[PDB]
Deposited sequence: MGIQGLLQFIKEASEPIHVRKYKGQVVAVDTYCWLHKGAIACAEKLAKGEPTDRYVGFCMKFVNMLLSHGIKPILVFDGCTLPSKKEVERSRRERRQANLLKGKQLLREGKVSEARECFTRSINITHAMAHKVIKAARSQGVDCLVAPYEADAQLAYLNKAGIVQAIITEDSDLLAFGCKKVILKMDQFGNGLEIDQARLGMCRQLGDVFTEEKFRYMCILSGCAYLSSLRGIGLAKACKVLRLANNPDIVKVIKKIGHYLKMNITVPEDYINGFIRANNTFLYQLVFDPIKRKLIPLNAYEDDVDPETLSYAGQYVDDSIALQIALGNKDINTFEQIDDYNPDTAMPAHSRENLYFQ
């Protein structure tokens, strides 16, 4: 996520209703609904007691989409990405602490604090996601487990023309080059839509409304793949990209101190990290549902060697990627947990 991006480009946002896409196709960042839904039954998930409330929670939204004539495609997060594994280690750690503290509060008799700790120690397994998958399947609603981050998969579905809008709470989708994104959608269908073409409504952006520059800005501000330099957020990044139409981005980043009129030490490692982050936003492996095969989010340019892009996702055999996408193969154990076959969104 790009911290403070939505408020930064607020002027490009538009209050809408899902009817806007009546009869069209919309992909969903389902893990948001999964988190928000799992919060409702946090204590049960923490205790280990069986639950299925989040299933219904998601199904409210799914059914609401179906009633308005929308064709939803529930997309799920798959394998851990190396570029993001750092953050995966931190969040997983936090949960652990909150799982202890909470239990520690159950022994001390404190119940409110214990619930406030349980509500911040929730981890969405593939088992839960697969529950949601079966539930949605039993409705004719297609599902698709991304090779890695759902962000990239959604971005692909949107750019390929397979879907017209993306329902999510995450702003990263904009940096991945999505066309239309629907944020903060409630159970009734009311949300904020941000169109890529309307980025020019934001005065603050200036000439930074092109996909490449926008991406560079999002990375420079501080993203999941790379923490920003000290004292740098969206404003300064946007300012840098504004004042500099260089446009070799490396030289600009090396002259960030010059463009911002402030002393900034830029390590050689941060440049390589920036390249890695950029390449991750560009070429993260996704799954083509039609051709049924692993592909990067964008076609490999001439100025990049795919061999050096392991952090952006490792390739596996197309059959395995298919089995993961269908939700048949579990993410962690790599174990066949279901047998679904659509032959007996695709083709």
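ask   = Which parts of the deposited chain sequence are absent from the coordinates, listed in sequence order?
value = Coordinates drop out over 1, 346-354, 358.
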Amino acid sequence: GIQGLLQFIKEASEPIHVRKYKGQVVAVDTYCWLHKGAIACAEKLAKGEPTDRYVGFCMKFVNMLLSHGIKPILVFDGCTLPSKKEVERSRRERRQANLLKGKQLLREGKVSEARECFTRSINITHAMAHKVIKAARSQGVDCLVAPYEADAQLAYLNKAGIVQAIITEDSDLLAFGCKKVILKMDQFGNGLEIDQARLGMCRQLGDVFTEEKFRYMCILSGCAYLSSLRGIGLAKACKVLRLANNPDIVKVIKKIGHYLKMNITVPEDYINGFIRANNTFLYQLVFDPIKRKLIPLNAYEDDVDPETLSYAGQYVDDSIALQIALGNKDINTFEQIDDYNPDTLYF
From here on, numbers count along this sequence of modelled residues.
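ask   = Can you tell me which stretch has the higher mean Cα B-factor, 331-339 or 21-29?
value = It is 331-339 that shows the higher mean C-alpha B-factor.
task = Between 221-229 and 120-128, name whichever shows the higher mean Cα B factor according to the PDB entry.
result = Per the deposited B-factors, the answer is 120-128.
ask   = Can you tell me which of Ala235, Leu81, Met185, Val87 has the highest Cα temperature factor in the record?
value = Across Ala235, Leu81, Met185, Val87, the entry lists the biggest C-alpha B-factor for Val87.
Top Cα B factor in the deposited entry, candidates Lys159, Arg276, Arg95, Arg215 = Comparing C-alpha B-factors across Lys159, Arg276, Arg95, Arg215, the maximum falls on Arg95.
key: Within-chain third of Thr51 by Cα B-factor, per the entry   = Highest third.
task = Report the third (lowest, middle or highest) to which the CA temperature factor of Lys239 belongs, ranking only the modelled residues of the same chain.
result = Middle third of the chain for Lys239's C-alpha B-factor.
query = How does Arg203 rank on Cα B-factor within its chain, lowest, middle or highest third?
reply = As the PDB entry reports it, the C-alpha B-factor of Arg203 lands in the middle third of its chain.
query = So where's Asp142 on the chain's Cα temperature factor ranking, which third?
reply = Answer is middle: the recorded C-alpha B-factor places it there.
request  = Would you mind checking where the Cα B-factor of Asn272 ranks among the modelled residues of its chain, as the lowest, middle or highest third?
outcome  = Middle third of the chain for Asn272's C-alpha B-factor.
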